[PDB]
Amino acid sequence: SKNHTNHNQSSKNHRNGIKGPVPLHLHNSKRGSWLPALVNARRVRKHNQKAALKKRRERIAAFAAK
Amino acid sequence: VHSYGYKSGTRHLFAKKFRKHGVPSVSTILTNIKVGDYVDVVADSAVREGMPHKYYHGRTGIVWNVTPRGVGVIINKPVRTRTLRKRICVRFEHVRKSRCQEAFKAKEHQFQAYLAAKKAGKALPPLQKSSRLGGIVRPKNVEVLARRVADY
Amino acid sequence: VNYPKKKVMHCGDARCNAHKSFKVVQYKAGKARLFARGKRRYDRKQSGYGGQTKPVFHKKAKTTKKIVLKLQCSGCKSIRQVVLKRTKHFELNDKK
Amino acid sequence: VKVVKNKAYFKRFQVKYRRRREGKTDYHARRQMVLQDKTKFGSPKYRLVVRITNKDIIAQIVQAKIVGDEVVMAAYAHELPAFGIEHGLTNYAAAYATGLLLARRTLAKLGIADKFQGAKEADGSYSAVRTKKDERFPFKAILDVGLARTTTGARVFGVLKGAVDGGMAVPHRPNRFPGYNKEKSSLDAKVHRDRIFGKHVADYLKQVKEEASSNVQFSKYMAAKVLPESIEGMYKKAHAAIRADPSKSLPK
RNA sequence: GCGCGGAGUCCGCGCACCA
RNA sequence: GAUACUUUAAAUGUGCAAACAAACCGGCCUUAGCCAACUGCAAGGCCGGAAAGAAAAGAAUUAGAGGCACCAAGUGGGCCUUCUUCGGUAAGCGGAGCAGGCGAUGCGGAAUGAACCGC
RNA sequence: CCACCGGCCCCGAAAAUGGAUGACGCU
RNA sequence: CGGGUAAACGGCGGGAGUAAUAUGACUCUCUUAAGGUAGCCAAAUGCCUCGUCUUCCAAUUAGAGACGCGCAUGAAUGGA
RNA sequence: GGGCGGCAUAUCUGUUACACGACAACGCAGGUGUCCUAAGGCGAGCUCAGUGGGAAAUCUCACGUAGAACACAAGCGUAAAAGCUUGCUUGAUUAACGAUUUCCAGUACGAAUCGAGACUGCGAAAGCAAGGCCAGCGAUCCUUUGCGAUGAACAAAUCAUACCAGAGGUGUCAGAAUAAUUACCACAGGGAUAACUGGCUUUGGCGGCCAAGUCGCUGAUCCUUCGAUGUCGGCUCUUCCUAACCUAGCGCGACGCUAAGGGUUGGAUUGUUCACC
RNA sequence: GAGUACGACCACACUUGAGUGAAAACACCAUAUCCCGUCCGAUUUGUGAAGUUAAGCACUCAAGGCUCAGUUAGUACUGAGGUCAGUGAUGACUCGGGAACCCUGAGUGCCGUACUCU
Ligand SMILES: [Mg+2]
Ligand SMILES: [Mg+2]
Ligand SMILES: [Mg+2]
Ligand SMILES: [Mg+2]
Ligand SMILES: [Mg+2]
Ligand SMILES: [Mg+2]
Ligand SMILES: [Mg+2]
Ligand SMILES: [Mg+2]
Ligand code: NA
């Protein structure tokens, strides 16, 4: 009454193919990483965002000048 | 069916080679591992802390996290119709630096050297020739290939 | 299993907080109250005709219990509960 | 009686490491000493190796590499004659001097000699070393003693005190110094100073001369006519000589 | 689990029973 | 060993890589990260360079458009064969591994035959 | 003229309605 | 907790071993609430079993009379 | 088949298993519901099993690659140790809802890995330690203990309740509270499944063939049939086979070859087939 | 050409038996009032320098082992194929991959940092 087999299973699994893994650059979250390095990286990223805003303002002013 | 534990059926997998027992060495201790490196996961049976499951014993992956004594590695695992990216945590005794990209790095270096020489104007090395071309063969020894009475 | 009578630890609890002695007691369940909500509900359900209205457990299989200790230190009044492995005896002495 | 080391005995035999067979290195301790946090991606770490022979003392600063250890700087107790010490090598005072000499040379090489002057005054006191693990931080190294037994008053700790007073950071507790009392859990700076300057040597030398007055120990002192009540002064002068010229070595 | 006895442990008696 | 456990060790397998969100060469900014310190190391960015866009040496090929969702059916009694096999004296017997079939399929062959040969 | 090894064929080879290289036949 | 009661429901072994070729009047042990008494039987109740002896027939796995190591007969669950 | 028996119902090791992983049978050989304040943590000193030579079990010297030990089954692992002796200890505590592995639906439970913070232990130091590596365990509701908002017209003290963390248990172990009998019997179905023929395979029969072990010619399964294929023996009647009892021929009183044309009985006891007179 | 201290790989470095050892060093060796530890200054700890290469150590030389080649051998085994041969066990063939033990030949450590001597 309790049958077990793997007979048709590989054939089923290959109809819609074995999908490849997601590339390394997507879904690259850092949650659960070693805490001190994470804390430092956050501060660096905040400074970088401030710099990006300043650079855009300078570009806008330069274009308005010429 | 009756017994399925964490280390079941690892009698020959988690064993040391003949006349090669012992513990890791200072070369293993002094190896530097960075995030983004390719590593091989090979279980060291004499440590027993932070050992991976037997499924991961021969796989290669990418480091995503370094701790004071541990490494986090990403390893592909097919399940039914897809490939999952599993994150395993191990001690540094159980990993090695992978040489899976040596040929590619060498190819880039040789390309850079060739570019430097071509811009310098230095003479280039002579390119290799094919081994499948024709030619005249001058023989030293000729024999007779035969099946003889004494052969049997 | 044997456990020591006294144990040294801090036990701050808004007082000295330094590593001092503890007084160790073994937890025992209190007596069930007649006016607990749930006891009142069961009594109201059981009154009248109909017989037993809730299941009664019969098929015991466990032979042991977990041990709970209550730890309390001088001055600092708080109590801390700690859990030990299952055992059959649990003597609470320090003879060695 | 069958032989033990037969043919099948050699085929299944695994040899130990070379230096284990020669009985020189304790690899179990060496692994823990060379180990470092993996998050510190191979930043430098230093050992102070102390090795005492029959007739000399050796002290070097070592960093471990895969190709082989490199020695940052080394000092030997056998060159102390060039500073003013003779007939009394390999004792506790010469150990103190060797440590202080190594520290002075090391700070001088690394260019931080003026900063971290050490303790110009000599005393067998205790002062916990300042470390980040707890103002510019002092140069740091951890002590390596090898197979030597770590008993109270042993000369390895005198070598250590020499460097600590020379101005190095070596983490330590004062529990193995000559003046320490275990039951009371305190240190006797007076006794430690006595052993630093070598009063016990003078007491022994007086005793042996007074006894031998009637009718081979301390033969070189007795032959060269070295007198008591000058040993402390000689050591105290040697300390200043080192702090003035840290590199003045044996001639030619 | 609650009361009695008899040598927190045990022994009997009669009672109680929603994980 | 006993009187099959094992140093050695295949064939068939199996993980990773092989230049366009990637990697290589030099400025510079930032971090209450590591280090005795930084002109070293770690991390995130900005400004530049190079680019047989991957040579030659047997030095790939493709009836080769990648990814992401939503809603829902039937099914959850299988059976036969090839090569491995465990139980059983054996079975058109029971239990498994890999692949192909019938079930759901006729047609052309083996006089005849769900599953053989060809298609 | 002997000892052994082959190829075809012949003994070894005994059941229950009359019957099957598919049938006839073929040397 | 103490008494009583089987023409109340029912029960009547665990067994062993000794003795005058045989055998056991004879002895010893184990043991129960008690240890099958008077009777009766291969019975409409006996597995082995077509038991063994006698009779009935030319010949009887059937019938009758005897015997009793009774798988598992027996006293108003009534015996003869 | 079902019942009886058992647990193959939670759970571990070696094999089955086919050099990644996965892989079954009331398959094989064995284990588990506990035990330990040390048998947990750390530092130091030391080397074990055994063998050989000595001294009115113990003392001594040499050798001794693990052949011993590590609570308990097994497999891996380990020698200035992971074993043995010893000193000090309680990291077997707490741990802001960090991340992950195994099972796997990529849910939970149990077990495990890498961490951040507190308070500590041992050590001169680097370090090591949040149990004894790997089996040793448990939802909702209810009860109960520890810790720091509500009872709606207001207020006080009791009492009840609430958020968070544990404990009391479900072994059929992802968790109803459960005894028999039917030959007086019933219903819905099943050839998914037994009792009878038939099929496969073996059995037991049964003597032959070379040589003097060898080589051949009742059971077990569950395929068909539960909107039914009438189940033993005797009587009656026909037909076929040979592995020859008689009758017919041969070769050597018995033994062998050809030959299936003709024949092969009446009764006592028993339902008997057999058996026996 | 050597030595010492720390080492990486961890027998071409190990085990057994002999011979040689310039100077430096390393080591045996002397000792026990103090620091410290034992039944025992044996081990260990402190303080020394009379003697010695006798041992340790290093080098060289002969056997078991170890390491790298050859043979064994296109053998054993094996991926793919047949309306192949054989009652069958099994076998050969066609397109590919391809061992091991035994036996035999050769050798017997090598690479770093610091300081010293002839
Ligand atoms: Mg169908
Ligand atoms: Mg077809
Ligand atoms: Mg009778
Ligand atoms: Mg009659
Ligand atoms: Mg009669
Ligand atoms: Mg912590
Ligand atoms: Mg309740
Ligand atoms: Mg059927
Ligand atoms: Na035909």
Side-chain angles (χ1 to χ4, degrees), chain A residues 4 6 25 31-32 34-37 40-41 43-45 47-48, chain B residues 1 3 5-7 11 14-15 18 27 45-46 48 50 53 55 58-60 67 70 72 79 87-89 98 100-101 103-104 108 112 127-128 130 132, chain C residues 1-4 27 29-30 32 37-38 42 54-58 61-62 66 68 79 81 83, chain D residues 1 4-5 7 10-11 13-15 17-18 26 32-33 40-41 43-44 49 51 53-54 58 60 62 66-71 74 91 112 136-140 142-143 149-154 157 171-173 175-176 178 200 203-204 207 216-220:
Chain A
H4 153 73
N6 215 50
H25 71 261
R31 165 101 157 251
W34 192 58
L35 196 43
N40 192 64
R43 282 143 200 202
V44 176
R45 281 198 305 279
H47 279 81
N48 281 349
Chain B
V1 156
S3 165
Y6 202 82
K7 310 235 225 156
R11 176 157 178 185
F14 293 158
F18 182 68
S27 325
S45 27
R48 293 158 151 208
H53 189 252
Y55 176 81
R59 323 282 179 189
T60 302
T67 40
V79 169
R87 279 146 204 255
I88 70 169
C89 319
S98 197
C100 64
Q101 278 194 317
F104 184 57
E108 325 209 74
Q112 301 287 355
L127 51 152
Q128 338 197 20
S130 190
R132 325 264 301 178
Chain C
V1 156
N2 303 90
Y3 205 86
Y27 156 79
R37 180 182 183 75
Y42 178 64
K54 291 300 223 106
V56 183
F57 178 65
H58 289 133
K62 285 280 138 58
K66 293 175 182 174
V68 177
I79 295 160
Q81 304 188 113
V83 190
Chain D
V1 177
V4 189
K5 313 193 220 133
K7 169 114 57 170
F10 298 127
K11 300 167 81 68
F13 188 89
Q14 182 186 350
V15 304
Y17 283 0
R18 185 167 201 80
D26 188 356
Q32 300 318 294
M33 233 172 290
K40 310 202 193 86
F41 298 93
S43 65
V49 173
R51 302 285 182 264
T53 58
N54 275 4
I58 315 175
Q60 33 210 6
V62 179
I66 297 188
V67 73
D69 289 11
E70 58 143 287
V71 175
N91 50 349
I112 63 201
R136 187 160 168 176
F137 280 96
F139 175 85
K140 196 194 42 177
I142 52 163
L143 187 78
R149 190 163 298 190
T150 52
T151 53
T152 304
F157 309 125
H172 68 279
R173 268 193 299 152
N175 285 180
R176 286 316 185 185
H200 58 300
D203 297 305
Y204 200 28
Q207 261 205 53
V216 68
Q217 183 86 241
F218 281 155
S219 146
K220 307 294 192 189

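Chain A is the first sequence line, chain B the second, and so forth, proteins listed ahead of strands; every chain is numbered from 1. These numbers come from the heavy atoms of this one structure, side chains and all, not from hydrogens, waters or symmetry mates.
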Tell me if [M] and [N] are paired here, counting Watson-Crick or G-U wobble when both donor-acceptor distances sit under 3.5 Å.
N: I:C159; M: I:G151; answer: yes
N: I:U86; M: I:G5; answer: no
N: I:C63; M: I:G50; answer: yes
N: I:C133; M: I:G87; answer: no
N: J:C95; M: J:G79; answer: yes
N: I:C128; M: I:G121; answer: yes
N: I:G249; M: I:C154; answer: no
N: J:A85; M: J:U90; answer: yes
N: I:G45; M: I:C84; answer: yes

| remark: Per atom distances to the C:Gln81 side chain, the nearest of I:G166, I:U161, I:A177 is I:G166

| note | The nucleotide from I:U100, J:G65, F:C35 with an atom nearest the side chain of D:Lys11 is J:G65

Presence of [X] side-chain N/O under 4.0 Å of [N] phosphate oxygens OP1/OP2:
X: A:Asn6; N: F:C98; value: yes
X: D:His200; N: J:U47; value: yes
X: D:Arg18; N: J:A13; value: no
X: D:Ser219; N: J:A50; value: yes
X: D:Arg51; N: J:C6; value: yes
X: B:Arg48; N: I:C134; value: no
X: D:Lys5; N: I:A62; value: no
X: A:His4; N: F:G97; value: yes

Both distances under 3.5 Å, Watson-Crick or G-U wobble: report the partner of [N], or none.
N: J:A5; result: J:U113
N: F:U14; result: none
N: J:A58; result: J:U20

Stacking of [N] on [M], centroid gap under 5.5 Å, tilt under 30°:
N: I:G77; M: I:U78; value: yes
N: J:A73; M: J:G74; value: no
N: I:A180; M: I:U181; value: yes
N: F:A91; M: F:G92; value: no

When the [atom1] atoms of [N] and [M] are considered, how many whole Å apart are they?
N: I:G189; M: I:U203; atom1: P; answer: 47 Å
N: I:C223; M: I:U101; atom1: P; answer: 46 Å
N: I:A99; M: I:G131; atom1: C1'; answer: 24 Å
N: I:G171; M: I:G33; atom1: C1'; answer: 9 Å
N: I:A275; M: I:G234; atom1: P; answer: 13 Å
N: I:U47; M: I:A66; atom1: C1'; answer: 11 Å
N: I:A160; M: I:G121; atom1: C1'; answer: 47 Å
N: H:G3; M: H:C28; atom1: P; answer: 35 Å

Using the rule for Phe, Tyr, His and the six-membered ring of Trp, do [X] and [N] stack at under 5.5 Å and under 30°?
X: B:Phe18; N: F:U7; answer: no
X: D:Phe41; N: F:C34; answer: no
X: D:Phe10; N: J:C66; answer: no

Name the nucleic acid region contacted by [X], choosing base, sugar-phosphate or nothing; use a 4.0 angstrom heavy-atom cut-off, strictly under.
X: D:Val67; value: base
X: B:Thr67; value: sugar-phosphate
X: B:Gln101; value: sugar-phosphate
X: B:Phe14; value: sugar-phosphate
X: B:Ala15; value: sugar-phosphate
X: A:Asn48; value: base

| remark: A student applying the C1'-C2'-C3'-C4' rule, positive for north and negative for south, should call the sugar of I:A82 south

| What's the CZ-P distance between B:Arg87 and I:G106, to the nearest Å? | 19 Å

